[PDB]
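First the structure, in the form of structure tokens, and then the observations on it.
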Ligand SMILES: N[C@H](CSc1cc(C[C@H](N)C(=O)O)cc(O)c1O)C(=O)O
Ligand SMILES: N[C@H](CSc1cc(C[C@H](N)C(=O)O)cc(O)c1O)C(=O)O
Ligand SMILES: [Cl-]
Ligand SMILES: [Cl-]
Ligand SMILES: [Zn+2]
Ligand SMILES: [Zn+2]
Ligand SMILES: [Zn+2]
Ligand SMILES: [Zn+2]
């Protein structure tokens, strides 16, 4: 049994976003719209329900840990359910949670060489935190093969590179390298059950679709409904392809890509505050449900039972 | 009229703290104890109720902004009630909130030279954030005299140095300099009303007590009830004087110091998860109330009306 807990399902500045009065965010604050609050994206994995591996540490990590009881097993005066942390990139959105875990160092942190480089220079989390009882102990993620974290010995991680787009603070932001962005294949080796996790997904080649058909659950990038959704909402000009996020709709969007996967469970995660699929009455939400695609929400539990 | 809004009243890792099962934190989670959740310490100041100055940007800033309606005035598609940020030190606990405000740059940030130095080297917030549309625009806090932030032209800030203890990541952590830690005197120049704000207070000389008697409201360090409260709770060994926090109780504690101030409104803020004053039934809470001292809580509004 593989447990997947959605601690956060939003992109970005969460939902609602602190400085945003778009139709979704103002509608949620006004109470005029049927949608649920969401913290920034992060999931937790386990093979036994007691030892958990965090994927990305969002700035909302304090409220996310508190909302999920297994994160506090209460086995000592100081304790946590977090046994390791995996990072998929070095973005601020996906890493600042680590600053809120220093009362509990050391932590095993798994990340590639590129991300480790960002996190010792432009955003030197590893350097800052080594001053708290050992800080973060780096475990390198190699760009080929697999790894296993002792705390969950039945989970086999197989990362796959995505389109390198290093963060704006990165010393190598103009010089993208493989290792900047990862998606994760996760296998319960007791059952063959396979999770495909890609919350940041900019494009889909055919090596990727081959991975995805060997998987039972697809937990994928859903930040934007339209590639120019920021412009459509009046909140900015950056495009989906500029951010490395493939929109749901249109030619080559994730919904059309996902029509090739009727076997798999399909879940959209990492959803931006502008996306109409957050409006539970939107026609965009209704179409997503027609296509057999779920919309992740804070608190969602996904149990991976067996292989199809 | 000076408005003081308590966005967060806790020290530390908030209350409850993510990894703590002390009597307070487990008691709150178990539902066995009468206490209210608290985010990490931060207040917001205003002279008109519309333009707000943030004092310290805690890691909980997203939930704190959302909980206080004037932080979203909804005057445009992107908007915020934050018009400036003042930092009293460079600690991670009091600054990581800035990483969650990058969708809204530029921000005017006021801080001393020492803190600016920390925030461009050991924890380079200013460098990281300058990649988001101008980032943080530094306004130096001088170690003498006063300053005024245009957005609240009737608030006069007069900082006073406290015992220099630079943070553990600081390149100068073993070499403390004046400018590392500030307390704030805040004056409504229309009325003479004066707030004395010192959430981190390690000792009390007589220059300080002279400041405090010219003030109407004392909003002061309340993190620890006893100097060795960590040891008494089983959660660690660092002492109150090691952290630069003067306990409430005992010879020279803040309660004995505050007996000399019966005129002033007195509020304890920045309270650690271990402190029994969070237990609303504790005898420590009852004594605090007897002495005419209030316990700050998330959401507390303090209106400074006039000068005594
Ligand atoms: N610091 C950058 C931020 S880019 C980014 C932007 C958005 C859109 C944003 N929420 C909005 O509505 O104004 C959503 C995201 O998920 C992002 O990641 C990085 O991530 O490198
Ligand atoms: N990163 C350091 C952290 S020291 C600090 C420690 C505590 C005690 C802590 N909460 C606990 O119960 O385990 C409370 C605080 O308010 C602190 O500031 C800094 O602040 O320089
Ligand atoms: Cl980033
Ligand atoms: Cl610190
Ligand atoms: Zn994100
Ligand atoms: Zn919005
Ligand atoms: Zn603090
Ligand atoms: Zn506690």
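Chains as they are written, first to last, in this note's numbering: chain A, 112 to 419; chain B, 112 to 419. Yeah, the Cβ is synthetic: ideal placement off N, Cα and C, and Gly gets one too.
{"Asked": "Through-space distance from residue 383 of chain B to residue 203 of chain B, alpha-carbon basis", "Found": "16 Å"}
{"Asked": "Closest by C-alpha distance to residue 377 of chain A, when choosing among A:385, A:359, A:386, A:363", "Found": "A:359"}
{"Asked": "Integer-rounded CB distance, given that residue 311 of chain A should sit under 8 Å from residue 286 of chain A", "Found": "Rounded, the Cβ-Cβ distance is 19 Å, inconsistent with contact."}
{"Asked": "Residue 304 of chain A and residue 418 of chain A closer than 8 Å at C-beta", "Found": "yes"}
{"Asked": "Supposed close pair residue 199 of chain A, residue 265 of chain A - CB separation, criterion 8 Å", "Found": "Actually they are not in contact, since the Cβ atoms of residue 199 of chain A and residue 265 of chain A sit about 21 Å apart, beyond 8 Å."}
{"Asked": "Sequence-distant residues of its chain with Cβ nearer than 8 Å to residue 235 of chain B (five each side left out)", "Found": "none"}
{"Asked": "Residues that DSSP places opposite residue 189 of chain A in a beta bridge", "Found": "B:131"}
{"Asked": "Proximity of residue 169 of chain B and residue 119 of chain B at Cβ, strictly below 8 Å", "Found": "yes"}
{"Asked": "C-alpha distance - residue 161 of chain A paired with residue 217 of chain A, whole-angstrom precision", "Found": "19 Å"}
{"Asked": "Whole-angstrom distance between residue 275 of chain B and residue 228 of chain B, CA atom to CA atom", "Found": "14 Å"}
{"Asked": "Check: residue 354 of chain B C-beta below 7 Å from any heavy atom of ligand 2", "Found": "yes"}
{"Asked": "Under 8 Å (Cβ pairs) to chain B, residues found in the stretch 131–148 of chain A", "Found": "131, 132, 133, 137, 140"}
{"Asked": "Residues from the stretch 328–346 of chain A in contact with chain B, defined by Cβ distance under 9 Å", "Found": "344, 345, 346"}
{"Asked": "C-alpha distance - residue 263 of chain B paired with residue 159 of chain B, whole-angstrom precision", "Found": "8 Å"}
{"Asked": "C-alpha gap between residue 346 of chain A and residue 127 of chain A, whole angstroms", "Found": "13 Å"}
{"Asked": "Residues that DSSP places opposite residue 155 of chain B in a beta bridge", "Found": "B:116, B:165"}
{"Asked": "Cβ pair count under 8 Å reaching 3, the stretch 388–396 of chain B against the stretch 138–146 of chain B", "Found": "yes"}
{"Asked": "Residue 328 of chain A - partner residues in DSSP beta bridges", "Found": "A:306, A:376"}
{"Asked": "Segment limits, beta strand (DSSP E) that includes residue 251 of chain B", "Found": "247–251"}
{"Asked": "Residue 343 of chain A beta carbon near ligand 2 (any heavy atom closer than 7 Å)", "Found": "no"}
{"Asked": "Run of the beta strand (DSSP E) containing residue 219 of chain B, from where it starts to where it stops", "Found": "218–222"}
{"Asked": "Minimum length 3: unbroken beta strand (DSSP E) runs contained in the stretch 229–285 of chain A", "Found": "247–251, 266–272"}
{"Asked": "C-beta neighbour in chain A for residue 174 of chain B, strict 8 Å", "Found": "yes"}
{"Asked": "Start-to-end residues for the beta strand (DSSP E) that takes in residue 299 of chain A", "Found": "293–299"}
{"Asked": "Any C-beta of chain A under 8 Å from that of residue 247 of chain B", "Found": "no"}
{"Asked": "Close-in-space but distant-in-sequence residues of the same chain around residue 354 of chain B (CB under 7 Å, 5 per side omitted)", "Found": "none"}
{"Asked": "Span separating the alpha-carbon of residue 411 of chain A from that of residue 324 of chain B", "Found": "54 Å"}
{"Asked": "Distance cut-off 7 Å: residue 136 of chain A Cβ against heavy atoms of ligand 2", "Found": "no"}
{"Asked": "Residue from A:201, A:368, A:356 with nearest C-alpha to residue 329 of chain A", "Found": "A:368"}
{"Asked": "Per-residue burial, residue 151 of chain A [other beta carbons within 10 Å of its own, 16 or more giving buried]", "Found": "buried"}
{"Asked": "One or two residues paired with residue 404 of chain A in a DSSP bridge", "Found": "A:377"}
{"Asked": "Sequence-distant residues of the same chain with beta carbon closer than 6 Å to residue 237 of chain A, five excluded per side", "Found": "230, 231, 247"}
{"Asked": "Bridge partner(s) assigned by DSSP for residue 414 of chain B", "Found": "B:114"}
{"Asked": "8 Å contact criterion, which residue 116 of chain A and residue 154 of chain A should meet: CB distance rounded", "Found": "6 Å"}
{"Asked": "Short CB-CB distance (under 8 Å) between residue 185 of chain B and chain A", "Found": "yes"}
{"Asked": "Cβ-Cβ distance between residue 201 of chain B and residue 257 of chain B below 8 Å", "Found": "no"}
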